[PDB]
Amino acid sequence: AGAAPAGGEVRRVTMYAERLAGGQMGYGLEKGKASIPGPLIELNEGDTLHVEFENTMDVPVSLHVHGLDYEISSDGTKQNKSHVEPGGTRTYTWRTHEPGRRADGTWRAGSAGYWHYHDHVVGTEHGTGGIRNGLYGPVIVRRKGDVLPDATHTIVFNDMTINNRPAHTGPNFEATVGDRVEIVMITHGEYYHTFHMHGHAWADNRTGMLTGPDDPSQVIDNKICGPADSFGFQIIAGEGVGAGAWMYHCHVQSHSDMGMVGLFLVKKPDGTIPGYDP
C-alpha cells in the first residue's frame, strides 16, 4: 500500500561506472556493487538529484538520462564535453517538475513516468558499446498520489538478451498472489521487440493503470517496443488467474525460441507454485 508524497527534496547519491566480469560494464551506488541493469533511481516530481559520478574504468564513460530536466552540461555526451575521463569524477544534476498551467494557458506536463539512464560514449559517440556492455538503468519519477507497489522489477530487452543474461536464463521474479507488482520495461540496441506477459494485462498509459471508468487507454498484454523505449505498469499478481509459473517473453518468435524468456512465479500464500517443475 501507499501513495507518492509531493516532491521538492534535494537529493545526492554516489554513482560508479565499473567493469564487471565478461567484458561487461555497470553502474552502482556503491563501489564493488555495480549491477546490470543499474540501480533503480526513484524521485518524486520536483526533486533534484545530484549524482556524484565516478568512472572507475580505464576508458571514458558517460551518464545520460531520458525524460528528466538537465542542463546541457549534465547531458552526458562527448559532443557537449560532459563525459567522464578514466578515473575522473563529475556531478550530474537532474531536476524534475510538477505539471501545471502555463501563463499562455497551455498545460505543461510533469516529469512523472518510466525513464532510464544509459552510457553515451563507450564504443561510439552514442554509447553503443557501453549499452551493449550493460550501462543502463531504470528511473521512476512519481506524481503525488501515485500508487506505490510492493515490489518493482526491471526488464531490459538489450539486443537479444534480457538484462544482459545468457539465453534462457531468466531473470525470474517472484510474487505472492495479490502482491502489487511494478514492472519497468526498457529496450536497447538494434532490434524491435514485443513484450508479453502470460496471465496479466495492463493499461497502455503513463501508470499502466486505467485512471477510472473514463480512461480510454487500450488494455493490452503485448507491446511493441524499440531501442530506448521505456514504459511501466502495475499489476496485481495472479489477479483473476491464480498462482503459477507465468511466462513473460519477447513474442518475436525466433527471439523467444533463442532465449528471450523468463518467469513471473506467482506463489500461493503458503509459498507454493502449483504445477511448476524445472
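Residues carry their position along the shown sequence, with the first being 1.
In this crystal structure, the stretch out of 209 to 217 and 33 to 41 whose C-alpha atoms carry the higher mean B factor is 209 to 217. In this crystal structure, the stretch out of 91 to 99 and 128 to 136 whose C-alpha atoms carry the higher mean B factor is 91 to 99. Taking the deposited Cα B-factors for 168, 193, 196, 188, the highest one is held by 168. In this PDB entry, residue 224 carries a Cα temperature factor that places it within the lowest third of its chain's modelled residues. Per-chain ranking of the deposited C-alpha B factor places residue 118 in the lowest third. Among the modelled residues of its chain, residue 180 has a C-alpha B-factor that falls in the middle third, as given in the PDB entry. The deposited CA B-factor of residue 256 belongs to the lowest third of values across its chain. Among all modelled residues in its chain, residue 161 ranks in the middle third by Cα B-factor.
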